[PDB]
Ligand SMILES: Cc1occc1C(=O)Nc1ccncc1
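Have a look below at one chain only, the form deposited without this ligand, in structure tokens format.
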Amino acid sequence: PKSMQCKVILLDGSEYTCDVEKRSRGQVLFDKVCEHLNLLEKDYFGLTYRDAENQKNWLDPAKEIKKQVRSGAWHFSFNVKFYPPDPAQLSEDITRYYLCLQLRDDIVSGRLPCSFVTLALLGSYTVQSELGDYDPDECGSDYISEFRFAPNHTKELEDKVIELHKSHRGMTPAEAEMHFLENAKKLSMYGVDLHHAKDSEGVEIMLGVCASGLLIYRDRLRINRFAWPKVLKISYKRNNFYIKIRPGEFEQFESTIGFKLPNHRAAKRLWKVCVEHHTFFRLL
């Protein structure tokens, strides 16, 4: 029975290698990765791969791996798929740990914009979780952490991480990670998956997919929000993506809203992640 080697980049930046039967469904690989990670609260996570256009795609756990990666390498990343709006309601510390690791990459990558002070506060909790209590002997006036905190590091930021780290004496790792999450969850771009699009007039917008619905950034700022409950039907056709909105009170008709995506595969990807968010955050 023939097996294909899988390589998975984990959220700590390390590479997990395993073998699955070549006709395996995505769930098979995901189950192996989650067992490796000692992860029980698996519903929030997924694997990604890069298609022939180099676009990130979720690996569908219900479909054959070979029919998704097609002509590409069996190489994946382990990622948060559904960002919980209240991470304190997760049952296990280790789930919150993996969510912290994802958010640290969201921040360094610039997907999750963050004020100077919030960058320093998040960094101070990460340092407290990983090294424990502040030790002066390790850090002098010229200290620069190995930890990546931000898309652009400054000496001022490193200084502010140290100043806040000093305030966290006695804090345990789960405690520090919970504080990390209480701050991160409030950020306006927390768990927002952004897709480039044009409105029905050709004006460049971003569509953000998240727990609280579909966001339209008509400028660079959120100019419209469609909460999932209002959305009855999501669909795509050629390069276009549509949402069917519930009739408002006393309104005769539903309303269908249409957008232009970069190509047909980008419309399909946006449709799939919207359907998946709608389902997940309907049940949560």
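The term rigid core refers to the most C-alpha atoms you can superpose between the two forms while keeping them within 1.5 Å. Only residues modelled in both forms are compared. Start at 1 and count along the sequence shown; that's the residue number.
For the segment pair 146-154 and 172-180, the entry gives 146-154 the higher mean B-factor, averaged over Cα atoms.
Per the PDB record, of the two stretches 211-219 and 27-35, 211-219 carries the greater mean B-factor over its C-alpha atoms. When the C-alpha B-factors of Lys63, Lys244, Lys42, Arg70 are ranked from the entry, the top spot goes to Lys244. The entry lists C-alpha B-factors for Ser124, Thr118, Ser141, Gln102, and the highest of these is at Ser141. Annotation for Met189: CA B-factor lies in the lowest third of the chain's modelled residues.
Among the modelled residues of the chain, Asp106 sits in the lowest third by CA temperature factor in this PDB entry.
Among all modelled residues in this chain, the alpha-carbon of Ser91 has a temperature factor (C-alpha) in the middle third. The PDB entry assigns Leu131 a C-alpha temperature factor belonging to the highest third of its chain's modelled residues. When the CA B factors of the chain's modelled residues are split into thirds, the value for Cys6 lands in the middle one.
Keep in mind the form deposited with this ligand bound is missing from the figure; the text below concerns it.
Transferred by C-alpha superposition from where it sits in the bound PDB entry, this ligand brings 3 or more atoms within 2.4 Å of the backbone or C-beta atoms, leaving the site blocked. Taking non-hydrogen atoms only, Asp43 approaches this ligand to within 4.5 angstroms in the bound PDB entry. At the 4.5 Å threshold, heavy atoms of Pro85 reach this ligand in the bound PDB entry. Contact annotation for 269-283: residues with any non-hydrogen atom within 4.5 angstroms of this ligand in the bound PDB entry are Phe280, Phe281, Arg282, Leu283, listed in sequence order. With the core held fixed by superposition, the comparison between this form and the one not shown singles out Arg222 as the only member of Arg222, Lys32, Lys42, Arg50 whose CA moves by at least 2 angstroms. Once both forms are overlaid on their core, the sole residue range between this form and the one not shown with Cα shifts reaching 2 Å in three or more consecutive positions is 220-222.
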